[PDB]
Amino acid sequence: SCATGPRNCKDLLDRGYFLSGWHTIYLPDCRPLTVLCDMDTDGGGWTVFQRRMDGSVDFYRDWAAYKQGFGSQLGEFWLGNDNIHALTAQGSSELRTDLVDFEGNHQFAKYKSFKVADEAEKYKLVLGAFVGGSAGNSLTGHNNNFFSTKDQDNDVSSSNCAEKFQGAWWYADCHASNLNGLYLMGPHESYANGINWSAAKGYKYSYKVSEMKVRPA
């Protein structure tokens, strides 16, 4: 139950769940949520809130969809902004981003803290110091930005970033990263509308795999 139940995937790792997979955790108000734990990468104990792997799922979705979450436990998903807020409210959570290109290269980025605010603050990103990684830093430029979707423009651009670059993100004017963008399968001619991490493969290359995950700092 909530009194004794795990709050995150690090609690589950500590209790001897050593294989990655879906487990029930208890959010701060006791709401149970089934989450994907990555128990393998970089020490394990990561709660995964975004996964892309094959383009099977449409990510060009509205505020409501991003708010509640969408996709499949068996594949690609967005866990949901209300859930991500709840998961990152208590304590301090480090962010890890894992990327794989179509050539087989694995790259990563790590930040020392990560929080998304509530819906009243439009799921604003509060991001701590970049730690390092082969992917470089394409998220600090998004610190302190509201989340935006095609139907709800909260960016700091005169344009509608989510529509122009075909994703959903804490867009600024407009982005350095776009991991909820179109699944464009490597090199693309269109500018900056793919699963892009510009510090690594740039604005014209869309990754094969994206995983975003958190663990207590």
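The first residue of the sequence shown is number 1, and the count goes up from there.
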Q: Identify the stretch, either 34-42 or 181-189, whose C-alpha atoms have the larger mean B-factor according to the entry.
A: 181-189
(Q) Comparing average C-alpha B factors as deposited, tell me which of 111-119 and 141-149 sits higher. (A) 111-119
(Q) Between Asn81, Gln73, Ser93, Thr97, which one tops the list for Cα B-factor in this entry? (A) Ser93
Q | Cα B factor band for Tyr17 (lowest, middle or highest third within the chain) | A | highest
Q) Thinking about Cα B factors across the chain, which third does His175 belong to? A) lowest
Q. Sorting the chain's CA B-factors, does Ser157 end up in the lowest, middle or highest third?
A. middle
Q: Ordered by C-alpha B-factor within the chain, which third holds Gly69? Give me lowest, middle or highest, please.
A: lowest
Q: Sort the modelled residues of this chain by their C-alpha B factor and say whether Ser210 lands in the lowest, middle or highest third.
A: lowest
